(Lines of atoms letter the chains of each structure in order from A and count residues from 1; the text may use other names and numbers.)
(Lines give C-alpha, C1' and ligand atoms only; values in the text may rest on other atoms or scores of the structure.)
Protein backbone atom coordinates (compact mmCIF):
# COMPACT_ATOMS: atom_id res chain seq x y z
CA UNK A 1 0.00 0.00 0.00
CA UNK A 2 3.02 2.32 0.53
CA UNK A 3 3.75 2.51 -3.23
CA UNK A 4 0.13 3.31 -4.21
CA UNK A 5 -0.50 5.81 -1.38
CA UNK A 6 -0.46 9.14 -3.32
CA UNK A 7 2.48 11.41 -2.45
CA UNK A 8 0.13 14.44 -2.59
CA UNK A 9 -2.90 12.89 -0.83
CA UNK A 10 -3.21 15.65 1.80
CA UNK A 11 -2.99 18.60 -0.63
CA UNK A 12 -5.62 16.91 -2.84
CA UNK A 13 -7.87 16.11 0.15
CA UNK A 14 -7.91 19.76 1.30
CA UNK A 15 -8.64 20.74 -2.34
CA UNK A 16 -11.51 18.19 -2.51
CA UNK A 17 -13.09 19.19 0.82
CA UNK A 18 -12.63 22.96 0.25
CA UNK A 19 -14.41 22.68 -3.15
CA UNK A 20 -17.36 20.99 -1.37
CA UNK A 21 -16.60 17.60 -2.98
CA UNK A 22 -16.81 18.83 -6.63
CA UNK A 23 -13.05 18.74 -7.41
CA UNK A 24 -11.49 15.61 -8.94
CA UNK A 25 -8.18 14.71 -7.17
CA UNK A 26 -5.09 14.75 -9.43
CA UNK A 27 -2.91 12.25 -7.54
CA UNK A 28 0.83 11.68 -8.01
CA UNK A 29 2.96 8.74 -6.87
CA UNK A 30 6.54 7.72 -6.06
CA UNK A 31 8.19 6.75 -9.38
CA UNK A 32 8.13 4.29 -10.91
CA UNK A 33 4.53 3.08 -10.61
CA UNK A 34 4.14 -0.73 -10.21
CA UNK A 35 2.67 -1.04 -13.73
CA UNK A 36 2.34 -4.85 -13.56
CA UNK A 37 0.25 -4.74 -10.35
CA UNK A 38 -1.90 -1.82 -11.59
CA UNK A 39 -2.71 -3.79 -14.78
CA UNK A 40 -3.44 -6.97 -12.77
CA UNK A 41 -6.08 -5.12 -10.71
CA UNK A 42 -7.37 -2.67 -13.37
CA UNK A 43 -10.74 -4.46 -13.81
CA UNK A 44 -13.46 -4.74 -11.15
CA UNK A 45 -15.67 -7.81 -10.69
CA UNK A 46 -19.42 -7.88 -10.05
CA UNK A 47 -19.67 -11.57 -9.16
CA UNK A 48 -20.57 -10.87 -5.51
CA UNK A 49 -21.93 -7.30 -5.80
CA UNK A 50 -25.38 -8.38 -4.54
CA UNK A 51 -23.79 -10.11 -1.54
CA UNK A 52 -21.89 -6.90 -0.73
CA UNK A 53 -25.07 -4.82 -0.95
CA UNK A 54 -26.85 -7.59 0.99
CA UNK A 55 -24.42 -7.17 3.90
CA UNK A 56 -24.49 -3.36 3.77
CA UNK A 57 -28.33 -3.28 3.79
CA UNK A 58 -28.46 -5.90 6.59
CA UNK A 59 -26.39 -3.54 8.75
CA UNK A 60 -28.43 -0.43 7.89
CA UNK A 61 -31.70 -2.33 8.50
CA UNK A 62 -30.64 -3.34 12.01
CA UNK A 63 -28.63 -0.23 13.02
CA UNK A 64 -30.09 2.50 10.79
CA UNK A 65 -26.70 4.07 10.00
CA UNK A 66 -23.07 2.97 9.92
CA UNK A 67 -22.32 5.66 12.52
CA UNK A 68 -24.55 3.86 15.07
CA UNK A 69 -23.33 0.39 13.97
CA UNK A 70 -19.71 1.47 14.57
CA UNK A 71 -20.34 2.91 18.05
CA UNK A 72 -22.81 0.23 19.22
CA UNK A 73 -20.82 -2.83 18.07
CA UNK A 74 -17.25 -1.44 17.95
CA UNK A 75 -17.02 -0.15 21.51
CA UNK A 76 -15.15 2.92 22.72
CA UNK A 77 -12.28 4.62 20.88
CA UNK A 78 -8.99 3.43 22.42
CA UNK A 79 -6.05 5.34 23.88
CA UNK A 80 -2.49 4.30 23.00
CA UNK A 81 -2.16 2.66 26.44
CA UNK A 82 -5.29 0.54 25.87
CA UNK A 83 -4.10 -0.52 22.40
CA UNK A 84 -0.70 -1.69 23.72
CA UNK A 85 -2.43 -3.55 26.57
CA UNK A 86 -4.76 -5.46 24.21
CA UNK A 87 -1.87 -6.21 21.81
CA UNK A 88 0.41 -7.51 24.59
CA UNK A 89 -2.38 -9.79 25.88
CA UNK A 90 -2.94 -11.08 22.33
CA UNK A 91 0.74 -11.84 21.54
CA UNK A 92 1.00 -13.91 24.74
CA UNK A 93 -2.28 -15.70 23.94
CA UNK A 94 -0.91 -16.57 20.48
CA UNK A 95 2.52 -17.62 21.82
CA UNK A 96 4.32 -15.12 19.56
CA UNK A 97 5.32 -12.68 22.31
CA UNK A 98 8.44 -10.66 21.43
CA UNK A 99 8.50 -11.61 17.72
CA UNK A 100 6.75 -8.57 16.20
CA UNK A 101 7.49 -4.85 16.54
CA UNK A 102 4.33 -2.82 17.16
CA UNK A 103 3.99 0.76 15.84
CA UNK A 104 1.20 3.34 16.16
CA UNK A 105 0.39 5.65 13.24
CA UNK A 106 -2.30 8.12 12.03
CA UNK A 107 -1.47 7.84 8.28
CA UNK A 108 -2.78 4.33 7.46
CA UNK A 109 -5.51 3.79 4.85
CA UNK A 110 -6.61 0.73 6.88
CA UNK A 111 -6.92 -0.29 10.56
CA UNK A 112 -3.53 -2.03 10.46
CA UNK A 113 -0.82 -3.28 8.06
CA UNK A 114 1.60 -6.16 8.71
CA UNK A 115 5.00 -5.32 7.16
CA UNK A 116 8.65 -6.41 6.85
CA UNK A 117 10.70 -3.35 7.96
CA UNK A 118 14.46 -3.93 8.51
CA UNK A 119 13.95 -7.54 7.28
CA UNK A 120 11.77 -8.05 10.41
CA UNK A 121 7.97 -8.25 11.01
CA UNK A 122 6.30 -4.94 11.94
CA UNK A 123 2.64 -4.43 12.91
CA UNK A 124 1.54 -0.84 12.24
CA UNK A 125 -1.78 -0.02 13.95
CA UNK A 126 -3.89 3.02 13.04
CA UNK A 127 -4.60 4.86 16.30
CA UNK A 128 -7.24 6.96 14.49
CA UNK A 129 -10.53 5.08 14.99
CA UNK A 130 -9.16 2.10 16.96
CA UNK A 131 -12.06 0.57 18.97
CA UNK A 132 -12.37 -1.89 21.88
CA UNK A 133 -14.31 -4.85 20.43
CA UNK A 134 -12.92 -4.31 16.91
CA UNK A 135 -9.16 -4.20 17.79
CA UNK A 136 -9.06 -7.83 18.98
CA UNK A 137 -10.37 -8.78 15.51
CA UNK A 138 -7.61 -6.83 13.74
CA UNK A 139 -5.07 -8.86 15.72
CA UNK A 140 -6.81 -12.13 14.70
CA UNK A 141 -6.57 -10.89 11.09
CA UNK A 142 -3.01 -9.52 11.02
CA UNK A 143 -1.31 -11.83 13.56
CA UNK A 144 -3.66 -14.82 13.86
CA UNK A 145 -3.78 -15.22 10.05
CA UNK A 146 -1.21 -13.20 8.01
CA UNK A 147 1.71 -13.56 10.45
CA UNK A 148 1.17 -17.24 11.39
CA UNK A 149 0.62 -18.21 7.73
CA UNK A 150 3.82 -16.28 6.87
CA UNK A 151 5.95 -18.06 9.50
CA UNK A 152 4.52 -21.47 8.52
CA UNK A 153 5.11 -20.68 4.82
CA UNK A 154 8.78 -19.84 5.46
CA UNK A 155 9.26 -23.46 6.60
CA UNK A 156 7.74 -24.92 3.38
CA UNK A 157 9.33 -25.89 0.00
CA UNK A 158 7.16 -23.16 -1.61
CA UNK A 159 8.54 -20.42 0.69
CA UNK A 160 9.63 -18.29 -2.31
CA UNK A 161 8.59 -17.58 -5.93
CA UNK A 162 10.57 -20.53 -7.38
CA UNK A 163 9.07 -22.87 -4.78
CA UNK A 164 5.55 -21.75 -5.74
CA UNK A 165 6.26 -22.47 -9.44
CA UNK A 166 7.96 -25.82 -8.75
CA UNK A 167 5.05 -27.07 -6.58
CA UNK A 168 2.43 -25.49 -8.87
CA UNK A 169 0.65 -23.22 -6.40
CA UNK A 170 -2.41 -21.10 -7.13
CA UNK A 171 -2.09 -17.52 -5.73
CA UNK A 172 -2.40 -17.09 -1.94
CA UNK A 173 -5.28 -14.67 -2.47
CA UNK A 174 -8.18 -14.66 -2.27
CA UNK A 175 -7.82 -17.44 0.38
CA UNK A 176 -5.40 -15.32 2.46
CA UNK A 177 -7.52 -12.18 2.95
CA UNK A 178 -10.74 -14.23 2.96
CA UNK A 179 -9.49 -16.23 5.95
CA UNK A 180 -8.16 -13.06 7.62
CA UNK A 181 -11.51 -11.23 7.19
CA UNK A 182 -13.55 -14.13 8.60
CA UNK A 183 -11.14 -14.24 11.55
CA UNK A 184 -11.54 -10.49 12.26
CA UNK A 185 -15.26 -10.92 12.99
CA UNK A 186 -14.91 -14.40 14.57
CA UNK A 187 -16.07 -13.93 18.22
CA UNK A 188 -18.21 -10.80 17.70
CA UNK A 189 -21.90 -10.82 18.67
CA UNK A 190 -22.88 -8.99 15.47
CA UNK A 191 -20.19 -10.15 12.98
CA UNK A 192 -21.29 -8.08 9.95
CA UNK A 193 -18.64 -7.95 7.21
CA UNK A 194 -19.18 -4.24 6.56
CA UNK A 195 -15.59 -3.31 5.58
CA UNK A 196 -15.30 -6.21 3.08
CA UNK A 197 -18.71 -5.50 1.53
CA UNK A 198 -18.24 -1.72 1.20
CA UNK A 199 -14.74 -2.12 -0.31
CA UNK A 200 -16.17 -4.59 -2.86
CA UNK A 201 -19.04 -2.19 -3.66
CA UNK A 202 -16.85 0.94 -3.89
CA UNK A 203 -14.46 -0.70 -6.40
CA UNK A 204 -17.38 -1.87 -8.55
CA UNK A 205 -18.63 1.74 -8.79
CA UNK A 206 -15.10 3.24 -9.07
CA UNK A 207 -14.65 1.36 -12.38
CA UNK A 208 -17.59 3.38 -13.80
CA UNK A 209 -17.26 6.66 -11.87
CA UNK A 210 -15.11 9.73 -11.32
CA UNK A 211 -13.90 10.45 -7.77
CA UNK A 212 -16.60 13.13 -7.35
CA UNK A 213 -19.30 10.68 -8.48
CA UNK A 214 -17.93 7.84 -6.33
CA UNK A 215 -17.73 10.06 -3.22
CA UNK A 216 -21.35 11.19 -3.72
CA UNK A 217 -22.55 7.63 -4.43
CA UNK A 218 -21.23 6.38 -1.06
CA UNK A 219 -23.27 8.98 0.85
CA UNK A 220 -26.17 6.50 0.75
CA UNK A 221 -24.22 4.06 2.97
CA UNK A 222 -21.91 6.27 5.07
CA UNK A 223 -22.13 9.99 5.85
CA UNK A 224 -18.70 10.74 7.33
CA UNK A 225 -16.62 12.54 4.64
CA UNK A 226 -13.33 11.28 6.13
CA UNK A 227 -14.51 7.65 6.05
CA UNK A 228 -15.73 8.09 2.45
CA UNK A 229 -12.42 9.72 1.41
CA UNK A 230 -10.55 6.64 2.67
CA UNK A 231 -12.77 4.19 0.71
CA UNK A 232 -12.53 6.32 -2.48
CA UNK A 233 -8.71 6.55 -2.40
CA UNK A 234 -8.38 2.81 -1.71
CA UNK A 235 -10.64 2.09 -4.71
CA UNK A 236 -8.70 4.52 -6.96
CA UNK A 237 -5.11 3.71 -5.82
CA UNK A 238 -2.81 4.34 -8.77
CA UNK A 239 -5.26 6.53 -10.70
CA UNK A 240 -3.58 9.86 -11.49
CA UNK A 241 -6.50 11.79 -13.05
CA UNK A 242 -9.45 10.55 -10.95
CA UNK A 243 -11.92 12.53 -13.12
CA UNK A 244 -11.95 9.46 -15.40
CA UNK A 245 -13.50 6.05 -14.51
CA UNK A 246 -11.11 3.39 -13.18
CA UNK A 247 -10.17 1.36 -10.11
CA UNK A 248 -7.58 -0.67 -8.25
CA UNK A 249 -9.60 -3.86 -7.76
CA UNK A 250 -7.34 -5.44 -5.09
CA UNK A 251 -9.68 -4.80 -2.13
CA UNK A 252 -12.43 -6.94 -3.74
CA UNK A 253 -10.32 -9.89 -2.53
CA UNK A 254 -11.83 -9.75 0.99
CA UNK A 255 -15.46 -10.51 0.07
CA UNK A 256 -14.33 -12.76 -2.80
CA UNK A 257 -12.33 -14.86 -0.32
CA UNK A 258 -15.06 -14.85 2.36
CA UNK A 259 -17.73 -16.22 0.00
CA UNK A 260 -15.45 -18.95 -1.40
CA UNK A 261 -14.17 -20.15 1.98
CA UNK A 262 -17.67 -20.17 3.51
CA UNK A 263 -19.05 -22.02 0.46
CA UNK A 264 -16.39 -24.75 0.83
CA UNK A 265 -15.95 -24.67 4.64
CA UNK A 266 -17.26 -28.25 5.01
CA UNK A 267 -14.39 -29.70 2.90
CA UNK A 268 -11.61 -27.34 4.15
CA UNK A 269 -9.24 -28.41 6.94
CA UNK A 270 -8.63 -25.01 8.56
CA UNK A 271 -5.68 -26.00 10.83
CA UNK A 272 -3.97 -27.71 7.85
CA UNK A 273 -4.80 -24.72 5.61
CA UNK A 274 -3.01 -22.39 8.05
CA UNK A 275 -0.13 -24.87 8.64
CA UNK A 276 0.71 -25.10 4.90
CA UNK A 277 1.40 -21.35 4.72
CA UNK A 278 0.43 -18.85 1.99
CA UNK A 279 -1.65 -21.40 0.01
CA UNK A 280 -5.09 -21.50 -1.67
CA UNK A 281 -7.83 -23.62 -0.03
CA UNK A 282 -7.94 -25.48 -3.37
CA UNK A 283 -4.25 -26.54 -3.10
CA UNK A 284 -4.58 -28.28 0.30
CA UNK A 285 -4.91 -31.85 -1.06
CA UNK A 286 -2.21 -31.18 -3.69
CA UNK A 287 0.30 -29.86 -1.11
CA UNK A 288 -0.53 -32.00 1.95
CA UNK A 289 1.95 -34.78 0.93
CA UNK A 290 4.78 -32.21 0.56
CA UNK A 291 4.13 -29.99 3.60
CA UNK A 292 6.43 -30.01 6.64
CA UNK A 293 4.08 -29.73 9.62
CA UNK A 294 6.23 -30.60 12.67
CA UNK A 295 6.68 -27.07 14.06
CA UNK A 296 3.93 -25.14 12.24
CA UNK A 297 1.68 -22.89 14.34
CA UNK A 298 -2.14 -22.87 14.33
CA UNK A 299 -3.90 -19.78 15.84
CA UNK A 300 -5.32 -20.05 19.40
CA UNK A 301 -8.90 -19.44 18.17
CA UNK A 302 -8.72 -22.61 16.02
CA UNK A 303 -7.88 -25.01 18.93
CA UNK A 304 -11.56 -25.44 19.79
CA UNK A 305 -12.40 -26.36 16.20
CA UNK A 306 -16.05 -27.28 16.91
CA UNK A 307 -16.57 -23.73 18.22
CA UNK A 308 -14.64 -22.23 15.28
CA UNK A 309 -17.10 -23.85 12.83
CA UNK A 310 -20.10 -22.63 14.87
CA UNK A 311 -18.69 -19.10 14.55
CA UNK A 312 -18.48 -19.50 10.74
CA UNK A 313 -22.18 -20.54 10.70
CA UNK A 314 -22.99 -17.50 12.87
CA UNK A 315 -21.08 -15.28 10.42
CA UNK A 316 -23.06 -16.63 7.43
CA UNK A 317 -26.43 -16.23 9.18
CA UNK A 318 -25.58 -12.67 10.24
CA UNK A 319 -24.44 -11.63 6.74
CA UNK A 320 -27.36 -13.21 4.80
CA UNK A 321 -25.04 -15.81 3.20
CA UNK A 322 -27.03 -19.00 3.87
CA UNK A 323 -25.97 -22.42 2.48
CA UNK A 324 -28.56 -22.44 -0.33
CA UNK A 325 -27.40 -19.03 -1.62
CA UNK A 326 -23.71 -20.03 -1.55
CA UNK A 327 -24.77 -23.24 -3.37
CA UNK A 328 -26.36 -21.27 -6.24
CA UNK A 329 -23.49 -18.73 -6.26
CA UNK A 330 -20.84 -21.43 -6.76
CA UNK A 331 -22.34 -24.76 -8.01
CA UNK A 332 -18.95 -26.47 -7.44
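Numbering follows the first chain given and starts at 1.
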Of 114 to 122 and 190 to 198, the one with larger mean CA B-factor: 114 to 122
Greater mean Cα temperature factor according to the PDB record, 277 to 285 or 64 to 72: 277 to 285
Peak C-alpha temperature factor (PDB record), options 28, 43, 269, 57: 28
Modelled-residue ranking by C-alpha temperature factor, third containing residue 208: middle
Chain-wide C-alpha B factor ranking for residue 167, given as lowest, middle or highest third: highest
Cα B factor band for residue 81 (lowest, middle or highest third within the chain): highest
Third of the chain, ranked by Cα B-factor, where residue 314 sits: lowest
Relative C-alpha B-factor of residue 136, binned into the chain's lowest, middle or highest third: lowest
